[PDB]
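Undergrad: Take a look at final-v7.pdb, PDB, C-alpha atoms:
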```pdb
ATOM      1  CA  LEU K  13      68.250  66.295 126.493  1.00  0.00           C
ATOM      2  CA  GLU K  14      71.310  68.587 126.799  1.00  0.00           C
ATOM      3  CA  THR K  15      71.092  71.917 124.951  1.00  0.00           C
ATOM      4  CA  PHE K  16      73.818  73.929 123.207  1.00  0.00           C
ATOM      5  CA  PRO K  17      74.022  77.325 121.485  1.00  0.00           C
ATOM      6  CA  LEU K  18      72.900  77.451 117.879  1.00  0.00           C
ATOM      7  CA  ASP K  19      76.363  78.411 116.698  1.00  0.00           C
ATOM      8  CA  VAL K  20      77.892  75.342 118.345  1.00  0.00           C
ATOM      9  CA  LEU K  21      75.370  72.980 116.773  1.00  0.00           C
ATOM     10  CA  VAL K  22      75.861  74.492 113.330  1.00  0.00           C
ATOM     11  CA  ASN K  23      79.586  75.029 113.417  1.00  0.00           C
ATOM     12  CA  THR K  24      81.236  71.980 114.934  1.00  0.00           C
ATOM     13  CA  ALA K  25      82.967  69.095 113.166  1.00  0.00           C
ATOM     14  CA  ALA K  26      81.065  65.796 113.480  1.00  0.00           C
ATOM     15  CA  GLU K  27      83.833  64.190 115.538  1.00  0.00           C
ATOM     16  CA  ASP K  28      83.812  67.210 117.877  1.00  0.00           C
ATOM     17  CA  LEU K  29      80.042  67.289 118.512  1.00  0.00           C
ATOM     18  CA  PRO K  30      79.149  67.094 122.237  1.00  0.00           C
ATOM     19  CA  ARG K  31      78.331  63.505 123.175  1.00  0.00           C
ATOM     20  CA  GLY K  32      74.832  64.518 124.268  1.00  0.00           C
ATOM     21  CA  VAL K  33      73.682  65.693 120.846  1.00  0.00           C
ATOM     22  CA  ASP K  34      71.826  63.373 118.436  1.00  0.00           C
ATOM     23  CA  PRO K  35      73.457  64.450 115.129  1.00  0.00           C
ATOM     24  CA  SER K  36      70.291  63.596 113.214  1.00  0.00           C
ATOM     25  CA  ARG K  37      68.115  65.738 115.471  1.00  0.00           C
ATOM     26  CA  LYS K  38      70.206  68.763 116.302  1.00  0.00           C
ATOM     27  CA  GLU K  39      67.048  70.850 116.576  1.00  0.00           C
ATOM     28  CA  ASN K  40      66.087  68.908 119.722  1.00  0.00           C
ATOM     29  CA  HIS K  41      69.223  70.271 121.377  1.00  0.00           C
ATOM     30  CA  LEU K  42      68.444  73.919 120.762  1.00  0.00           C
ATOM     31  CA  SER K  43      66.949  75.949 123.587  1.00  0.00           C
ATOM     32  CA  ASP K  44      63.265  76.731 123.117  1.00  0.00           C
ATOM     33  CA  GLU K  45      64.271  80.286 122.247  1.00  0.00           C
ATOM     34  CA  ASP K  46      66.742  79.219 119.559  1.00  0.00           C
ATOM     35  CA  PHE K  47      64.288  76.675 118.138  1.00  0.00           C
ATOM     36  CA  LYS K  48      61.645  79.420 117.828  1.00  0.00           C
ATOM     37  CA  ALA K  49      64.135  81.816 116.236  1.00  0.00           C
ATOM     38  CA  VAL K  50      65.459  79.272 113.753  1.00  0.00           C
ATOM     39  CA  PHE K  51      62.272  77.503 112.687  1.00  0.00           C
ATOM     40  CA  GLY K  52      59.469  79.951 113.462  1.00  0.00           C
ATOM     41  CA  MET K  53      57.009  77.207 114.432  1.00  0.00           C
ATOM     42  CA  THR K  54      56.413  75.000 117.446  1.00  0.00           C
ATOM     43  CA  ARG K  55      58.462  71.857 117.947  1.00  0.00           C
ATOM     44  CA  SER K  56      55.325  69.774 117.445  1.00  0.00           C
ATOM     45  CA  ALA K  57      54.487  71.524 114.169  1.00  0.00           C
ATOM     46  CA  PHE K  58      58.027  70.891 112.928  1.00  0.00           C
ATOM     47  CA  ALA K  59      57.812  67.212 113.996  1.00  0.00           C
ATOM     48  CA  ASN K  60      54.590  66.924 111.962  1.00  0.00           C
ATOM     49  CA  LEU K  61      56.317  67.956 108.737  1.00  0.00           C
ATOM     50  CA  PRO K  62      57.473  64.961 106.682  1.00  0.00           C
ATOM     51  CA  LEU K  63      60.973  63.852 107.679  1.00  0.00           C
ATOM     52  CA  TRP K  64      62.438  64.810 104.321  1.00  0.00           C
ATOM     53  CA  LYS K  65      61.078  68.340 104.700  1.00  0.00           C
ATOM     54  CA  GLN K  66      62.439  68.684 108.235  1.00  0.00           C
ATOM     55  CA  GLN K  67      65.794  67.615 106.773  1.00  0.00           C
ATOM     56  CA  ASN K  68      65.589  70.011 103.849  1.00  0.00           C
ATOM     57  CA  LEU K  69      64.819  72.943 106.118  1.00  0.00           C
ATOM     58  CA  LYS K  70      67.713  71.983 108.362  1.00  0.00           C
ATOM     59  CA  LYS K  71      70.203  71.694 105.494  1.00  0.00           C
ATOM     60  CA  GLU K  72      69.946  75.367 104.570  1.00  0.00           C
ATOM     61  CA  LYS K  73      70.184  76.300 108.257  1.00  0.00           C
ATOM     62  CA  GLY K  74      73.378  74.293 108.826  1.00  0.00           C
ATOM     63  CA  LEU K  75      71.643  71.817 111.143  1.00  0.00           C
ATOM     64  CA  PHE K  76      71.431  68.711 108.931  1.00  0.00           C
TER      65      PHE K  76
END
```
Please, can you express the file's structure as structure tokens?
TA:
Amino acid sequence: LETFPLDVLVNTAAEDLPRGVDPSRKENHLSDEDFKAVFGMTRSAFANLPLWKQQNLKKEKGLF
């Protein structure tokens, strides 16, 4: 999937989001480096958290 800078994923109006970003899974469109910086765990570990917890973590981070 296409990747975009963290600031773009956090600070873009819904209508303006790049077509290649799943708005419900913005974390999948972060580079591996940005994912590591933002979440501090592997992508698999994050995916193993309950969906509601993934969402809650993302809300504070501007990625919900």
Undergrad: CA of residue 24 in chain K and CA of residue 72 in chain K are how many Å apart?
TA: 15.7 Å
Undergrad: Name the residues that the PyMOL selection byres ((chain K and resi 33-48) around 9) picks from the file above, as a PDB file with C-alpha atoms, in the frame of the given file, using the file's chain letters and numbers.
TA:
```pdb
ATOM      1  CA  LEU K  13      68.250  66.295 126.493  1.00  0.00           C
ATOM      2  CA  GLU K  14      71.310  68.587 126.799  1.00  0.00           C
ATOM      3  CA  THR K  15      71.092  71.917 124.951  1.00  0.00           C
ATOM      4  CA  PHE K  16      73.818  73.929 123.207  1.00  0.00           C
ATOM      5  CA  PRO K  17      74.022  77.325 121.485  1.00  0.00           C
ATOM      6  CA  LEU K  18      72.900  77.451 117.879  1.00  0.00           C
ATOM      7  CA  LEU K  21      75.370  72.980 116.773  1.00  0.00           C
ATOM      8  CA  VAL K  22      75.861  74.492 113.330  1.00  0.00           C
ATOM      9  CA  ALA K  26      81.065  65.796 113.480  1.00  0.00           C
ATOM     10  CA  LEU K  29      80.042  67.289 118.512  1.00  0.00           C
ATOM     11  CA  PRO K  30      79.149  67.094 122.237  1.00  0.00           C
ATOM     12  CA  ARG K  31      78.331  63.505 123.175  1.00  0.00           C
ATOM     13  CA  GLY K  32      74.832  64.518 124.268  1.00  0.00           C
ATOM     14  CA  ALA K  49      64.135  81.816 116.236  1.00  0.00           C
ATOM     15  CA  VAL K  50      65.459  79.272 113.753  1.00  0.00           C
ATOM     16  CA  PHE K  51      62.272  77.503 112.687  1.00  0.00           C
ATOM     17  CA  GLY K  52      59.469  79.951 113.462  1.00  0.00           C
ATOM     18  CA  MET K  53      57.009  77.207 114.432  1.00  0.00           C
ATOM     19  CA  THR K  54      56.413  75.000 117.446  1.00  0.00           C
ATOM     20  CA  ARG K  55      58.462  71.857 117.947  1.00  0.00           C
ATOM     21  CA  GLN K  67      65.794  67.615 106.773  1.00  0.00           C
ATOM     22  CA  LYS K  70      67.713  71.983 108.362  1.00  0.00           C
ATOM     23  CA  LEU K  75      71.643  71.817 111.143  1.00  0.00           C
ATOM     24  CA  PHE K  76      71.431  68.711 108.931  1.00  0.00           C
TER      25      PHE K  76
END
```
Undergrad: How many Å separate CA of residue 73 in chain K from CA of residue 58 in chain K?
TA: 14.1 Å
Undergrad: Once you add 3 Å to each side, what are the centre and edge lengths of the axis-aligned box holding all listed atoms of range 51-57 of chain K? One decimal in Å, as AutoDock Vina command-line options, if you can.
TA:
```
--center_x 58.4 --center_y 74.9 --center_z 115.3 --size_x 13.8 --size_y 16.2 --size_z 11.3
```
Undergrad: In Å, rounded to a single decimal, give me how far CA of residue 71 in chain K is from CA of residue 23 in chain K.
TA: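 Rounded to one decimal, the two atoms are 12.7 Å apart.
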Undergrad: Calculated over only C-alpha atoms, which of the candidates K:62, K:69, K:74, K:56 has the smallest distance to residue 20 in chain K?
TA: K:74
Undergrad: Using the partial input, fill out range 39-57 of chain K with N, CA, C and O atoms; write the result as a short mmCIF file (atom, residue, chain, number, x, y, z; two decimals), in the frame of the given file.
TA:
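The resulting file, result.cif, is reproduced below:
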```cif
data_model
loop_
_atom_site.label_atom_id
_atom_site.label_comp_id
_atom_site.auth_asym_id
_atom_site.auth_seq_id
_atom_site.Cartn_x
_atom_site.Cartn_y
_atom_site.Cartn_z
N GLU K 39 68.07 69.92 116.12
CA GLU K 39 67.05 70.85 116.58
C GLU K 39 66.52 70.54 117.98
O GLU K 39 66.08 71.44 118.70
N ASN K 40 66.57 69.27 118.39
CA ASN K 40 66.09 68.91 119.72
C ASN K 40 67.04 69.40 120.81
O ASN K 40 66.69 69.40 121.99
N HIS K 41 68.24 69.81 120.41
CA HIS K 41 69.22 70.27 121.38
C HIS K 41 69.38 71.79 121.41
O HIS K 41 70.30 72.32 122.04
N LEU K 42 68.47 72.47 120.74
CA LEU K 42 68.44 73.92 120.76
C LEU K 42 67.54 74.31 121.92
O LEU K 42 66.60 73.58 122.26
N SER K 43 67.82 75.45 122.53
CA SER K 43 66.95 75.95 123.59
C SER K 43 65.61 76.27 122.92
O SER K 43 65.53 76.42 121.70
N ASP K 44 64.55 76.40 123.71
CA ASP K 44 63.26 76.73 123.12
C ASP K 44 63.36 78.05 122.36
O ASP K 44 62.75 78.22 121.30
N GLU K 45 64.12 78.99 122.89
CA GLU K 45 64.27 80.29 122.25
C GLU K 45 64.96 80.16 120.88
O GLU K 45 64.53 80.77 119.89
N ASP K 46 66.05 79.39 120.82
CA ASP K 46 66.74 79.22 119.56
C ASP K 46 65.88 78.44 118.58
O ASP K 46 65.89 78.73 117.39
N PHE K 47 65.14 77.44 119.05
CA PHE K 47 64.29 76.68 118.14
C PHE K 47 63.27 77.62 117.50
O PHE K 47 63.05 77.59 116.28
N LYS K 48 62.64 78.47 118.31
CA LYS K 48 61.64 79.42 117.83
C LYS K 48 62.27 80.39 116.82
O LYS K 48 61.69 80.69 115.78
N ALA K 49 63.46 80.90 117.14
CA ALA K 49 64.14 81.82 116.24
C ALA K 49 64.52 81.18 114.90
O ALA K 49 64.38 81.79 113.84
N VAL K 50 65.01 79.96 114.95
CA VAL K 50 65.46 79.27 113.75
C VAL K 50 64.33 78.76 112.87
O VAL K 50 64.35 78.94 111.66
N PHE K 51 63.33 78.12 113.48
CA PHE K 51 62.27 77.50 112.69
C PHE K 51 60.98 78.29 112.57
O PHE K 51 60.26 78.12 111.59
N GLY K 52 60.67 79.12 113.56
CA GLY K 52 59.47 79.95 113.46
C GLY K 52 58.16 79.22 113.64
O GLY K 52 57.11 79.75 113.29
N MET K 53 58.20 78.01 114.19
CA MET K 53 57.01 77.21 114.43
C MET K 53 57.27 76.40 115.69
O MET K 53 58.39 76.36 116.20
N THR K 54 56.23 75.78 116.23
CA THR K 54 56.41 75.00 117.45
C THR K 54 57.17 73.72 117.13
O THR K 54 57.24 73.29 115.95
N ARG K 55 57.75 73.10 118.15
CA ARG K 55 58.46 71.86 117.95
C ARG K 55 57.53 70.78 117.42
O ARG K 55 57.93 69.95 116.61
N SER K 56 56.28 70.77 117.90
CA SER K 56 55.32 69.77 117.44
C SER K 56 54.97 69.99 115.98
O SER K 56 54.86 69.03 115.22
N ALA K 57 54.80 71.25 115.57
CA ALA K 57 54.49 71.52 114.17
C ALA K 57 55.65 71.06 113.28
O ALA K 57 55.46 70.48 112.22
#
```
